[PDB]
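These numbers come from the heavy atoms of this one structure, side chains and all, not from hydrogens, waters or symmetry mates. Chain letters run A, B, ... following the sequence lines, proteins first, then strands; residues in each count from 1.
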Amino acid sequence: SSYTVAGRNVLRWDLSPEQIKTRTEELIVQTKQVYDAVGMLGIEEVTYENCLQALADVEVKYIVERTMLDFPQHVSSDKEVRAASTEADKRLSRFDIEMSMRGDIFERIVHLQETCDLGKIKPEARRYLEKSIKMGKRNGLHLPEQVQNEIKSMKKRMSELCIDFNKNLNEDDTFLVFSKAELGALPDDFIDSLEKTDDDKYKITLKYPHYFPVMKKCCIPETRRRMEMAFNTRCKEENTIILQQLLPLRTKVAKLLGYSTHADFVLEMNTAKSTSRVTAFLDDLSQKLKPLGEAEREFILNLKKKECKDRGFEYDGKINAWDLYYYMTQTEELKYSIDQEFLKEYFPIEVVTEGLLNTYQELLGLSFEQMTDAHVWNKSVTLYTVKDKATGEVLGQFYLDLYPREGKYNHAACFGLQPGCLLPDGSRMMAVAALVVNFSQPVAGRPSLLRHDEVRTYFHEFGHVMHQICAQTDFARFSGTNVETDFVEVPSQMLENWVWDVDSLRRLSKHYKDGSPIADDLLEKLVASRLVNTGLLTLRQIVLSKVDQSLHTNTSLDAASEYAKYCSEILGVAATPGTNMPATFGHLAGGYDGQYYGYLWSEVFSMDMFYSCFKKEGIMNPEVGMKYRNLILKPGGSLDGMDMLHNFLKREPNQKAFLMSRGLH
Amino acid sequence: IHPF
Ligand SMILES: [Zn+2]
């Protein structure tokens with residue numbers, strides 16, 4: 001039922017490694033019976049029920065049963081479960097390729113879209129036919145058979161290379177050893193929460209709760225150099241070999257399909273349409289931010305010159321890779337009086353979580369309720385149920401996995417677990433999402449204290465959660481966040497603006513000790529500190545965007561050389577020789593291949609909606625919040641990205657709001 | 001989100 005919750009969450013997380021392998025073989029045999037039945041039908045006999053609806057019913061049944069198998073590799077603490085889950089991801093990723101390359105299925109769906117009356121079906125069914133046929137053409141199903149087996153052969157190799165690329169990073173346990181003197185200027189709440197060795201030295205891992213606090217506050221330059229070296233050489237040996245195979249294979253499968261490069265292949269399925277416009281968007285944005293980067297580099301270089309003179313170090317005259325985070329933090333403390341170590345005392349995890357939910361309970365008109373005794377994959381994971389405030393309709397659920405552990409996903413992402421689409425029996429599926437982040441842990445007898453940049457990630461990742469649950473379509477491929485890759489970052493990056501409002505920050509803040517709020521002067525300086533270090537921060541994002549476009553344009557190109565090239569050209573900070581950032585670039589194998597520009601591309605749309613609709617009528621206005629929910633979040637992938645923007649903005653988007661929010665034109 |  002749409003107003004109940006019992007039984008709508010069929011995901012179980014207590015599967016043994018043997019049960020996963022058994023459930024995988026059963027899922028393949030059951031799903032193949034559906035595809036084989038459609039393939040064994042007459043071309044003049046296919047109808048909407050035995051062909052389109054039959055495939056739509058198994059796609060919802062498959063992606064849900066698949067999620068129970070490919071997800072434990074990212075969260076489970078048992079390594080055998082993570083290993084068995086990976087062998088199911090490899091097994092099923094090659095199975096999806098085998099089912100997509102079926103010529104008999106493609107011959108029958110083109111017959112429906114060319115012979116049947118398209119007026120007797122829903123508009124999402126017509127979009128289902130066009131998108132299903134277009135994906136068949138993007139797999140070479142309209143090409144000779146000897147080149148289909150060649151494309152099917154290479155895509156199965158690309159499937160295993162992308163899984164191994166992230167499996168190496170997820171299982172990386174590389175760590176360094178330092179002494180108390182080598183960890184200068186670091187607070188005692190961080191030093192005392194580290195593993196001590198036999199010779200009284202400390203152990204520091206290469207994950208976010210350990211790497212960033214060191215690179216932002218350690219005064220010892222040699223300690224920051226070793227951490228930067230070890231962090232950018234994670235899986236350097238094995239992931240470089242994968243890039244030596246994956247990138248040539250990506251350009252080879254694109255040339256067989258008629259595309260010049262792999263970048264041109266994936267850009268057709270995005271809102272940017274062409275790669276010539278992407279490189280034009282990045283190069284023109286890099287010019288407006290070039291003078292800003294020069295001012296920040298000169299100020300940072302002066303800070304390094306004075307500190308080396310005051311401490312007695314050897315000033316080399318350049319900004320190294322390990323010096324960037326340490327002196328950008330000093331720019332934040334001197335020009336805006338923002339001490340991140342002091343501000344985190346006002347952002348405990350419980351108060352931030354409560355304030356975050358209450359902010360969107362009133363904005364989007366929803367109701368959140370934690371479920372006691374939750375069946376989860378780890379005891380530190382909480383479950384919440386989302387209802388519609390006005391109608392009591394149970395929209396969906398979502399998990400909260402906020403603290404890092406062994407074998408956990410070491411970045412910050414949101415995984416769609418169940419799509420909010422229709423079932424064969426006419427009912428609606430309960431959408432399930434999962435928020436996975438690596439926030440700070442309770443130390444020094446205090447609750448988890450979050451830095452302000454950790455609250456943004458909490459607000460960003462919750463954007464994908466609301467987009468997953470509020471999206472309600474008819475087919476599983478259009479449900480959730482399954483939209484244009486350069487557009488999925490619109491709902492998530494837009495919620496970050498609520499972390500820079502003076503009134504909303506008071507609803508998120510409460511000192512962990514005396515319960516007092518943040519001082520008025522500090523709150524004003526915090527909002528004014530939005531554009532601090534905005535030059536080098538965006539230039540680094542522009543570099544990663546240009547590297548993604550370059551590595552998918554040129555054929556025989558050294559991945560490490562091209563990253564170091566754009567660093568000295570755009571960012572101005574040279575890449576450390578011997579490192580390899582693309583070897584740790586998990587986005588190259590996580591669906592963002594050639595599409596990393598979407599992080600800056602989607603920001604142009606979010607700022608244009610926040611300034612033209614929200615900032616005018618009020619960022620807490622339920623009228624604009626409901627319009628945003630129904631026109632952007634609810635359609636999901638059932639509509640084009642620009643169509644949903646045109647329905648909300650009542651016009652075409654522009655960079656006017658995006659530029660003035662960055663201090664530019 | 002993006003690589004920090
Ligand atoms: Zn995101």
Asker: Under a 4.5 Å heavy-atom cut-off, does chain B meet the side chain of A/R540, its backbone, both or neither?
Answerer: side chain

Asker: Mind checking whether B/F4 and A/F212 have parallel, tilted or perpendicular rings, split at 30° and 60°?
Answerer: perpendicular

Asker: A/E296: which residues meet the side-chain contact (heavy atoms from CB on, under 4.5 Å) condition with it, sequence neighbours left out?
Answerer: A/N533, A/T534, A/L536

Asker: Tell me every residue that passes ring pair (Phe, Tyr, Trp, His ring centres under 6.0 Å) with A/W500, counting only those two or more places apart in sequence or in another chain.
Answerer: A/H452

Asker: Do you know which of A/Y325, A/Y592, A/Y596 has the most heavy-atom pairs under 4.5 Å to chain B?
Answerer: A/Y596

Asker: Counting only non-hydrogen atoms closer than 4.5 Å, does A/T457 touch chain B with its backbone (N, CA, C, O), its side chain (CB onward), both, or neither?
Answerer: side chain

